[PDB]
Structure formats: C-alpha cells, structure tokens
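One-based numbering along the sequence shown. All heavy atoms count here, side chains included; hydrogens, waters and symmetry mates do not. Each ligand, and each atom within it, is numbered from 1 in the order the structure gives.
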Amino acid sequence: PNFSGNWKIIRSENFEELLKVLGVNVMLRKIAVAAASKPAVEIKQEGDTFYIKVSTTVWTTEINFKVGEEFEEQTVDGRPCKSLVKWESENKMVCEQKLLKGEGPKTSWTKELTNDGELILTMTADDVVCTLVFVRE
Ligand SMILES: *C/C=C(C)/C=C/C=C(C)/C=C/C1=C(C)CCCC1(C)C
C-alpha cells in the first residue's frame with residue numbers, strides 16, 4: 001500500500017533492552033530511551049524506492065533505498081552496515097544488515113503497514129526484538 005506519510009508513535013516495546021544488547025550502559029539507556037520516546041517518522045515512497053526520515057529533538061536520520069539493492073546505513077548504535085531490503089508480503093519489508101567493519105550482534109529491521117492503518121517497525125539485535133507502533137499524523 002502507501003507507506004508514504006508522516007507517522008507518530010503510539011506504542012513501544014523492548015527498546016531499552018535493545019540498547020542493552022548493543023552495550024549502551026544503564027544511565028545512558030534510561031536517558032536516551034526517554035529522550036527518544038517520541039520519534040517522528042516521515043516516509044516518501046516511490047514504487048520500490050524509499051525515503052525515510054527518523055527524527056528526535058536534536059537528532060535526525062536519513063535512509064534511502066531501492067528494494068533489492070544493496071546500500072549503506074548505520075545500526076542503532078551508529079555502526080556502518082551494508083543493508084539489503086526485500087519484500088515478505090504486500091504490507092511488509094525486511095532488511096538484513098551486514099557490518100562493514102568488525103563483528104557484533106546480528107542486526108536487522110522490518111517495516112509493516114497493517115490493513116487497519118498502523119505502521120509497525122521492529123528492530124532486532126540477536127534474540128531481542130524492539131517493536132515500535134505508529135499511526136499517521
Ligand atoms: C522503515 C522504517 C525504518 C527504517 C525505521 C528506522 C528506525 C530508526 C532508524 C530508529 C532510529 C532511532 C534513533 C535515530 C534514536 C534512537 C531511537 C531510535 C532507535 C528510534
């Protein structure tokens with residue numbers, strides 16, 4: 001469907017647990033968690049080509065990809081990764097991430113627009129799954 005739109009969060013899960021697995025210490029986790037509790041997402045979709053803007057009060061991230069086409073972004077703790085997105089349904093894409101330099105936990109994300117209009121993205125580090133639920137602003 002149309003992932004395109006401006007999205008605001010309504011529900012979050014396992015986000016502090018995600019930063020724990022990535023090795024962010026406790027005081028930092030709590031602070032970052034609260035200060036990134038209301039991230040703003042903007043998506044412009046053009047077929048299989050995607051633009052995503054994720055933004056907190058002082059930070060913003062820009063992501064651009066074509067489905068099927070290898071590109072470079074960063075992990076959640078800021079590490080360089082080669083990324084590949086593929087479709088898993090009409091509503092859902094999956095991205096596998098490969099660290100450009102070095103080793104660490106297995107990272108991936110998914111993006112799913114439900115039929116009832118929720119944008120669900122999940123973020124994964126090893127066996128930990130962070131879920132963020134958004135609706136259109
Ligand atoms: C298609 C939807 C995507 C690719 C969503 C990606 C989500 C992020 C890149 C999350 C970014 C965040 C920050 C930049 C600050 C910390 C809070 C996060 C994890 C939401």
- Message: Would the distance check show the side chain of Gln45 and the main-chain N or O of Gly47 forming a donor-acceptor pair, the cut-off being under 3.5 Å?
- Response: yes

What residue and atom, counting heavy atoms only, is the protein's closest point to [atom], and at what distance?
| atom | result |
| --- | --- |
| atom 4 (C) of ligand 1 | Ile63 CD1, 3.8 Å |
| atom 5 (C) of ligand 1 | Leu121 CD2, 3.6 Å |
| atom 19 (C) of ligand 1 | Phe15 CE1, 3.4 Å |
| atom 20 (C) of ligand 1 | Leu132 CD1, 4.1 Å |
| atom 3 (C) of ligand 1 | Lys111 NZ, 3.5 Å |
| atom 12 (C) of ligand 1 | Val54 CG1, 4.2 Å |
| atom 14 (C) of ligand 1 | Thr61 OG1, 3.4 Å |

Side-chain donor-acceptor pairs under 3.5 Å in residues 127-137, sequence neighbours left out?
{"from": "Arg136", "atom 1": "NH1", "to": "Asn2", "atom 2": "O", "distance (Å)": "3.2"}
{"from": "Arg136", "atom 1": "NH1", "to": "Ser4", "atom 2": "O", "distance (Å)": "2.7"}
{"from": "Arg136", "atom 1": "NH2", "to": "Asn2", "atom 2": "O", "distance (Å)": "3.3"}

- Message: Side chains of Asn91 and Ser89 only: does a donor on one sit below 3.5 Å from an acceptor on the other?
- Response: no

- Item | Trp59 versus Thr57, side-chain donor and acceptor atoms under 3.5 Å | no

- Scanning both residues in full, the closest heavy-atom pair of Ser12 with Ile9 reads CB-CD1, 4.1 Å

- Task: Enumerate the atoms of ligand 1 whose separation from the nearest heavy atom of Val76 is less than 4.0 angstrom.
- Result: 19 (C)

- Identify, by atom number and element, the atoms of ligand 1 in contact range of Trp59, meaning under 4.0 Å from any of its heavy atoms. 14 (C)

- Look at the rings of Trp87 and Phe3 and say which category their plane angle falls in: under 30° parallel, 30 to 60° tilted, over 60° perpendicular. tilted

- Task: List in chain and number order the residues that pass salt bridge (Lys or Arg N to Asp or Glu O under 4.0 Å) with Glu16, two or more places apart in sequence or in another chain; answer none if no residue qualifies.
- Result: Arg29, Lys30

- Query: Going by heavy atoms, is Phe50 under 4.0 Å from ligand 1?
  - Reply: no

- Message: I'd like to know if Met123 contacts ligand 1, where contact means a heavy-atom distance under 4.0 Å to any ligand atom.
- Response: yes

- Task: Report the part of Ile43 in contact with ligand 1, treating N, CA, C, O as backbone and CB onward as side chain, heavy atoms under 4.0 Å; options are side chain, backbone, both, neither.
- Result: neither

- Identify whether the distance between the nearest side-chain nitrogen and carboxylate oxygen of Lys82 and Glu73 falls below 4.0 Å. no

